[PDB]
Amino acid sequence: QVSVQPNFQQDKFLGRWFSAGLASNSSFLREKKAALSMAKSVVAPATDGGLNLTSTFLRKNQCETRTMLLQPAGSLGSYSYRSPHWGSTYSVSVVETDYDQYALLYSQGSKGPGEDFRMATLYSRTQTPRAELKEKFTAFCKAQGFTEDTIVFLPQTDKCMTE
């Protein structure tokens, strides 16, 4: 029931994004706030189909790298993520994007221990999204049922943002 960007163009969605905001129904991403920080995500086509999302971020004094395979899920802009460790599947949709400034992503659990997990993500091409950019995110989050207290604009880190 989640919207995908109309006429989504995957080859315009590639490259470097910064996670500049998030909201979730996690009982303790509600308390990892605010040890949460901005991540650099690099989007690239996977040879087996779909996109690889390579995220780099600061955790407890070091840079950690995570790669997520997003498999096409039936519609342009609609993907699925299968957790290798946790036998959970998530639907991941690019709800709205202008390709060169921002992308609003929505992730929802489908199967497994993460079944009822919900998360909205603000991707930004820059580390410093404009107000009207953050308002689109806030608007999307609140429409989705996220309360103001669960909406977090992730602060920049200096570390782990390099190539």
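Counting begins at 1, following the sequence as shown.
Higher mean CA B-factor, judged across 144 to 152 and 11 to 19 from the recorded values: 144 to 152. Legend: mean Cα B-factor per stretch from the PDB entry, 85 to 93 versus 68 to 76; the higher mean is in 85 to 93.
Ranking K60, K136, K40, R125 by Cα temperature factor from the entry places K60 first. Considering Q101, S107, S26, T56 together, the PDB entry gives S26 the largest C-alpha B factor.
Per-chain ranking of the deposited C-alpha B factor places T157 in the highest third. For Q1, the recorded CA temperature factor ranks within the highest third of the chain's modelled residues. Remark: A120 belongs to the lowest third of its chain, ranked by C-alpha B-factor as recorded. In the deposited entry, the Cα temperature factor of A44 places it in the lowest third of its chain's modelled residues.
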